[PDB]
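Following: one structure in structure tokens, then a few remarks.
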Ligand SMILES: *[C@@H]1O[C@H](CO)[C@@H](O)[C@H](O)[C@H]1NC(C)=O
Ligand SMILES: *[C@@H]1O[C@H](CO)[C@@H](O)[C@H](O)[C@H]1NC(C)=O
Ligand SMILES: *[C@@H]1O[C@H](CO)[C@@H](O)[C@H](O)[C@H]1NC(C)=O
Ligand SMILES: *[C@@H]1O[C@H](CO)[C@@H](O)[C@H](O)[C@H]1NC(C)=O
Ligand SMILES: *[C@@H]1O[C@H](CO)[C@@H](O)[C@H](O)[C@H]1NC(C)=O
Ligand SMILES: *[C@@H]1O[C@H](CO)[C@@H](O)[C@H](O)[C@H]1NC(C)=O
Ligand SMILES: *[C@@H]1O[C@H](CO)[C@@H](O)[C@H](O)[C@H]1NC(C)=O
Ligand SMILES: *[C@@H]1O[C@H](CO)[C@@H](O)[C@H](O)[C@H]1NC(C)=O
């Protein structure tokens, strides 16, 4: 993915290019006259006498000082942006690499499992490993099961039906199991819950005793 | 072709829609399809969810995905000799430059602060392990 | 901006180097960033989702946040409220956004439809349908409350929700300054441009701020002296403007980054971060579009009517 | 550019040192998880 895409790392290349441009601009400004007879200071000094040379020199000083001040101001603004990026990278290291995050889309798309750091020129690369659900199927569901006049709810899952039989499964991966007293809990009668359906709830100790 | 961004000449307008390649403005983008074409950008494919009051969809399989994320951490550290940049080796200029006060000192200080920060930025990101494992 | 249509000024301006190029570059960079900021916040959905023809969500009424098809704008009742509440001759131009207001509204609709029909699943992978009442049950578990509490109080909860939403329009509509946060941004930008224009009236030591009058009255060797004074002043004014725009842009970028984070963590999931997605225990949130900004509606759970009990760490 | 009074300063940490930090983080994660 990286090797076949020369521009994949543009985010880091852009930083390098911006810094290089700023320096090249600062140097090229030395060629400007700024109203002086010449941008070359030595030529002014060699041709003109003091009371006249100083007038020409002040023009170059003003221009060059202004150019240098502009450069520094831009560097301060750019530095602030880089600091913000570094602060984010440091946070991701702590939360994505040194632990497992529950923050959505913080450590890549999907459900975060783990991440690995890699070094780079003036930057860092994170490899985010995530879990993605696949191949979903349609099931019929219900909020509760009614049995012996009592309402039963899932302890850690959802009630589903394959069209003929009811099962209870974990939510993020289809794995149907028989509905029993060990995977449900009871609260109130069947007259309150809207959408409650009739089904048997198996008690493992019934056939034993 | 007349658009809200201005007058576009040389592009072939089409009534199709694609992902935005080269942005023009006001929902209009252009791409090379050969000739250059202009079109209204698409926001993505349409997907209607089969919602009902008793129907649920549950995954039966999964995949493992690995993606990359790239962040800048630091800049190149630089330093400037204010007097040399402005005056070179001229003592005539150097003396004139004294009349402007402490501008050169202020500029050097600002750049020095930036240079130091760049090392702090690196340490904050990478030096988070107490021992070398 | 500096020289107008004067070739005399234009030639003099060449002696200052590449300042004009640098200024144009800085402003161009800002303009591009503004489109990036919008995309990062709103374009977080892979596909355009739609709601059912029949709005049956178990008593939960979303009609004030969903698009109103009877209008050409296809905006919600709340969005309509938000939108209603909130120089070229000098070389100053205003560029259009890449995304139109309609496109932004469409992104918002997709996010709402996704949340209502598939909860948070569409934010991680494929959108998986679930009954809304059951989605709410899972969000109750996420805050340490058993699911039977919802099912036994479904009518009460749906009513409390519906009323709380209805109050939003009254809270906003009855308070003209409610959206000041967005109005302040608009006002600051307008002031900056007005200042830049008014500075053209300054003499800066010249006999006149009007360049044509100088050229019409004075000969070259004298006119140039007066012109240089105007160039220096106007160039300094323009440089000041750009610097301020760079600083302001940084603040906006920070805000956009926060909005993008809230979209991911408050809208596309359920947050456990305290006071990140409103006060109380977070259940869910809904996005609404606004002029140069976004509005989040945060739905939270708040405990009420506590009673005193005697307790113990253990039973023997 | 040095001749114009412009200088480039070296980083405190070398590329090798940064690589070593990265290796320690990877080794830690693989053998001991988040502990
Ligand atoms: C579920 O059923 C609907 C029709 O009611 C169908 O459109 C949809 O594709 C089905 N989903 C799956 C995963 O089979
Ligand atoms: C539902 O599952 C049960 C148990 O595995 C099976 O006997 C029954 O045939 C299934 N029903 C359908 C329609 O597949
Ligand atoms: C689900 O919708 C059907 C109509 O399509 C209705 O008859 C049934 O009572 C509803 N079930 C619940 C729990 O609302
Ligand atoms: C569920 O079972 C109860 C008790 O036998 C019965 O009264 C009720 O009518 C049943 N519900 C349905 C839909 O058959
Ligand atoms: C696009 O559609 C318009 C009608 O709305 C038609 O006049 C125009 O010729 C079409 N252009 C192309 C390339 O199909
Ligand atoms: C799950 O998907 C993998 C491919 O990613 C496939 O090899 C495997 O057989 C699938 N399992 C089932 C039960 O379909
Ligand atoms: C939803 O609320 C609106 C505004 O009060 C009302 O006009 C509409 O009829 C309600 N929808 C339902 C199904 O009650
Ligand atoms: C609990 O009892 C205290 C007195 O001991 C009283 O001040 C307080 O209001 C009571 N709290 C509630 C919720 O009744």
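Since chain C takes its numbers from Swiss-Prot, the residues it shows come out as 741-826, 853-1082.
For this deposited structure, the header notes the method as electron microscopy, 2.7 Å.
In case you wondered, yes, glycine gets a Cβ from its N, Cα and C as well.
Under the heading disulfide bond, Swiss-Prot lists C:743-C:749, C:1032-C:1043, citing experimental evidence as support. Residues or ranges marked as N-linked glycosylation site in Swiss-Prot: C:801, C:1074.
Locations of recorded Swiss-Prot features on the structure.
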residue: C:743; record: disulfide bond; contacts (Cβ under 8 Å, 6+ apart): C:749, C:750, C:753, C:977, C:997
residue: C:801; record: N-linked glycosylation site; contacts (Cβ under 8 Å, 6+ apart): C:795, C:924, C:927, C:928, C:931
residue: C:1032; record: disulfide bond; contacts (Cβ under 8 Å, 6+ apart): C:1042, C:1043, C:1048, C:1051, C:1062, C:1064
residue: C:1074; record: N-linked glycosylation site; contacts (Cβ under 8 Å, 6+ apart): none
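Comparing the disulfide-bonded residues C:749, C:1043 by how many other C-beta atoms lie within 10 angstroms of each C-beta, the top residue is C:1043.
In this structure, C:1074 are the recorded positions from C:743, C:749, C:801, C:1043, C:1074 whose C-beta falls under 6 Å of some atom of ligand 8.
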